[PDB]
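Just so you know, all these numbers are worked out from the coordinates, no wet-lab data involved. FYI the Cβ positions are ideal-geometry reconstructions off the backbone, even for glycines, and counts take in every protein chain you see.
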There are 4 protein chains.
Amino acid sequence: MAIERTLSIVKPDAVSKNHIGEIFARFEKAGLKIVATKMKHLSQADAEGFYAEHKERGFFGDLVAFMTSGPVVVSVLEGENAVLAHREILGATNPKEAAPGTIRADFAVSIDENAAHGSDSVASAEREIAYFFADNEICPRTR
Amino acid sequence: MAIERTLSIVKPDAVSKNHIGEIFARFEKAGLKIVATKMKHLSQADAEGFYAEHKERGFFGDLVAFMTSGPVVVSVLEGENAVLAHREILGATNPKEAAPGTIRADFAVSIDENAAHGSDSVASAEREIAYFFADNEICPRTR
Amino acid sequence: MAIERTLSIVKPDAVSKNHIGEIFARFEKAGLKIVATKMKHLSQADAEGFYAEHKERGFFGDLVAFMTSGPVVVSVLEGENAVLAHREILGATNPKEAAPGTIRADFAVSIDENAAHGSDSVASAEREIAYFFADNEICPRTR
Amino acid sequence: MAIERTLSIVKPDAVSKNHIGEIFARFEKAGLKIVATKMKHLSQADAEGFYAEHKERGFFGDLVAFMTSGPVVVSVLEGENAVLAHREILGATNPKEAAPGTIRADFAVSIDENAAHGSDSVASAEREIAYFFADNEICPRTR
Ligand SMILES: [Mg+2]
Ligand SMILES: [Mg+2]
Ligand SMILES: [Mg+2]
Ligand SMILES: [Mg+2]
Ligand SMILES: [Mg+2]
């Protein structure tokens with residue numbers, strides 16, 4: 001319905017196995033538009049900040065450790081119902097529970113190394129996009 | 001012989017028609033690694049600076065117009081023989097002579113809108129990479 | 001007496017007459033901490049996005065033309081009462097009615113070329129800061 | 001006479017004591033122009049890359065730690081004889097040895113925490129600027 005934006009991250013597992021293009025392609029094929037993107041290697045601090053709402057959770061240490069083990073691609077995806085449509089083609093967090101032809105089905109090995117991230121809601125998307133991108137970096141389409 | 005780095009730009013035609021992933025997946029499949037990437041909307045000054053070598057050429061104005069008409073994706077590709085490897089994946093500058101399975105063959109409408117740019121030599125690749133990317137921004141593979 | 005963040009811009013006038021340091025020293029003396037900064041040459045699109053609220057005003061053209069005539073310095077100042085504190089240091093918009101020792105009084109040539117910009121409130125500070133800076137780019141103090 | 005470019009870093013000590021403006025002022029007072037600047041918090045990798053040349057040396061870890069202890073301001077300074085001229089203003093590497101009126105004599109505690117960095121030579125300034133800045137990111141004066 002309303003055109004929304006969501007944060008994608010191609011996680012270090014998918015980057016190291018050179019699946020960036022294949023994953024971007026799935027998004028584009030579903031009608032999401034890439035309106036920002038950049039490759040970064042997160043520092044400890046950078047990861048902890050992104051995930052600061054899970055700072056006191058037990059899983060934080062290993063999450064942070066994985067997400068800093070190699071470079072990631074961060075991207076803003078734009079489209080009708082983007083938050084959810086993105087989640088649709090990402091599929092379930094567990095690859096074993098993920099539908100066929102989702103990203104988790106096709107590219108994830110495990111729960112921890114599940115290939116990609118999408119924001120879980122419109123409020124999270126707004127915060128997550130602002131964590132990685134100045135609005136000045138987002139590139140609306142003009143052709 | 002050696003591992004080289006080269007600059008890729010996805011031009012505004014291919015961005016606008018949501019081919020970023022497909023193009024990227026062609027580089028990755030051929031064994032090139034994406035070690036940096038960002039989307040930008042080039043200003044006139046950004047584009048003239050990049051293309052300064054062609055400043056006295058007939059096509060300069062049209063090139064700068066086209067390259068500033070909407071957002072691009074600039075990337076650093078790394079691999080064995082990457083400069084020329086990337087060039088053969090791209091195919092002929094003119095899409096009418098480009099071999100099948102090349103990016104210009106598959107995604108370019110015309111010589112003017114030819115989907116993507118690749119650095120033409122090692123010396124040129126180093127300047128064009130430096131133009132868009134601080135050395136600190138390129139993300140070597142770890143893991 | 002709450003810690004806030006606000007946007008500062010050193011305008012192309014003050015940049016071109018090399019008053020960046022002097023200006024920065026005023027803020028630091030008054031207690032504000034510089035937690036993000038960058039020099040940028042704004043494109044017309046960059047400037048039109050920042051000043052979007054004024055897009056229908058007759059002065060928009062002049063404003064955008066001046067804010068893109070040369071490089072600026074964009075910064076995030078943090079401190080107690082940061083928004084209005086920053087404003088008292090800047091002084092009145094018009095230099096002719098700004099109190100001696102304010103930024104406008106000492107560095108502004110005219111109303112149009114009034115040396116610097118400061119956010120006018122908390123809502124606008126948040127919007128302005130986010131326009132130029134990813135949260136990941138802001139550097140909280142660590143010693 | 002030859003216009004040169006050199007790298008300035010305001011180190012984590014001078015930042016934390018809010019001396020950035022005071023230091024920039026000295027550069028501009030001396031006729032150097034700030035043509036790029038940013039605040040960053042360097043990670044271990046960022047610093048290891050900058051100081052790669054000294055990596056087998058025995059001060060390397062001590063240097064990497066100090067330079068990651070807090071945020072820094074990295075700048076490109078432009079002017080007549082900028083490398084040597086910048087070096088004169090900084091003063092002797094050891095602030096106990098530094099002439100009065102030099103930023104090391106006036107802001108530096110000790111040889112560990114000497115307040116600012118400067119490129120040593122013209123060949124090294126160019127590598128060091130290229131590490132932190134893309135060519136396109138540096139802002140020549142246009143007004
Ligand atoms: Mg686990
Ligand atoms: Mg912009
Ligand atoms: Mg006027
Ligand atoms: Mg950060
Ligand atoms: Mg430029």
Hey, could you check region A:1-45 for residues that are farther than 19 Å from residue A:126 by Cβ and among the charged types (D, E, K, R) and say which is surrounded by the fewest Cβ atoms within 10 Å (Cβ to Cβ)?
-> A:29
Residue B:101 is checked against (1) in contact with an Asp or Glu (Cβ under 8 Å, 6 or more places away or on another chain); (2) at positive phi and fails just one. What number does that condition carry?
-> (1)
Checking C:80, C:48 in turn, the sole residue that is among the charged types (D, E, K, R), in contact (Cβ under 8 Å) with a residue 60 or more places away in the chain and more than 16 Å from ligand 4 (Cβ to nearest atom) turns out to be C:80
Given the conditions (1) within 16 Å of ligand 2 (Cβ to nearest atom); (2) under 19 Å from residue B:140 (Cβ atoms), and given that residue A:5 satisfies all but one, which numbered condition is not satisfied?
-> (2)
Lone qualifier among B:43, B:16 - being over 24 Å from residue A:11 (Cβ atoms), more than 16 Å from ligand 5 (Cβ to nearest atom) and over 15 Å from the mean Cα position of the chain (by Cα) = B:16
Answer with yes or no whether residue B:34 is among the β-branched types (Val, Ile, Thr), closer than 27 Å to residue A:22 by Cα and within 7 Å of chain A (Cβ to nearest Cβ).
-> yes
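Okay, residues lined up against (1) out of contact with any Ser or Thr (no Cβ under 6 Å at 6 or more places or on another chain); (2) without any contact (Cβ under 8 Å) to a residue 40 or more places away in the chain; (3) not aliphatic (A, V, I, L, M):
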{"residue": "A:102", "(1), (2), (3)": "yes, yes, yes"}
{"residue": "A:117", "(1), (2), (3)": "yes, no, yes"}
{"residue": "A:130", "(1), (2), (3)": "yes, yes, no"}
{"residue": "A:134", "(1), (2), (3)": "yes, yes, no"}
{"residue": "A:138", "(1), (2), (3)": "yes, no, no"}
Starting from residues that are of a type in the set (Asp, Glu) and within 14 Å of chain C (Cβ to nearest Cβ), keep the ones in region D:119-143 and report whichever is surrounded by the fewest Cβ atoms within 10 Å (Cβ to Cβ).
-> D:135
Just checking, which of B:43, B:75, B:69, B:110 is polar (S, T, N, Q) and under 17 Å from residue B:4 (Cα atoms)?
-> B:75
Among the numbered criteria (1) within 8 Å of chain D (Cβ to nearest Cβ); (2) within 16 Å of ligand 3 (Cβ to nearest atom); (3) without any contact (Cβ under 8 Å) to a residue 12 or more places away in the chain, which single criterion is violated by residue C:28?
-> (2)
Could you list, in sequence order, all residues of region C:1-19 that are within 16 Å of residue C:104 (Cβ to Cβ), of a type outside the set (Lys, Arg) and out of contact with any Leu (no Cβ under 7 Å at 6 or more places or on another chain)?
-> C:9, C:10, C:12, C:13, C:14, C:15, C:19
With respect to residue C:55, is the statement that it is more than 22 Å from residue B:48 (Cα to Cα), in contact (Cβ under 8 Å) with a residue 40 or more places away in the chain and either surrounded by fewer than 18 Cβ atoms within 10 Å (Cβ to Cβ) or within 16 Å of ligand 5 (Cβ to nearest atom) (or both) true?
-> no
Identify the single condition in (1) crowded, with 21+ Cβ neighbours inside 10 Å; (2) farther than 22 Å from residue C:141 by Cα that residue D:74 does not satisfy, given that it satisfies every other one.
-> (2)
Mind checking which residues of region C:122-142 are farther than 20 Å from residue A:45 by Cα, in contact with a helix residue (DSSP H, G or I) (Cβ under 6 Å, 6 or more places away or on another chain) and either within 15 Å of ligand 2 (Cβ to nearest atom) or part of a loop (DSSP other than H, G, I, E, B) (or both)?
-> C:131, C:132
Considering every residue within region D:45-54, establish whether at least one is aromatic (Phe, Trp, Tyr), under 20 Å from residue D:86 (Cα atoms) and more than 7 Å from chain C (Cβ to nearest Cβ).
-> yes
Does region C:56-68 include one or more residues that are of a type outside the set (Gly, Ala, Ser), touching a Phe, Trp or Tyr at 6+ places or on another chain (Cβ under 8 Å), closer than 25 Å to residue D:139 by Cα and within 11 Å of another protein chain (Cβ to nearest Cβ)?
-> no
Residues being away from ligand 3 (no atom under 16 Å from the Cβ) and in contact with a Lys or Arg (Cβ under 8 Å, 6 or more places away or on another chain) - total across region C:34-76 | 13
Within region C:94-109, can one find any residue that is within 16 Å of ligand 4 (Cβ to nearest atom) and either surrounded by 18 or more Cβ atoms within 10 Å (Cβ to Cβ) or of a type outside the set (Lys, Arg) (or both)?
-> no
What single numbered condition from (1) of a type in the set (A, V, I, L, M, F, W, C); (2) more than 10 Å from chain A (Cβ to nearest Cβ); (3) within 16 Å of ligand 2 (Cβ to nearest atom) fails to hold for residue B:39?
-> (2)
Only one of D:95, D:71 is in contact (Cβ under 8 Å) with a residue 12 or more places away in the chain, of a type outside the set (D, E, K, R) and within 14 Å of another protein chain (Cβ to nearest Cβ), namely D:71
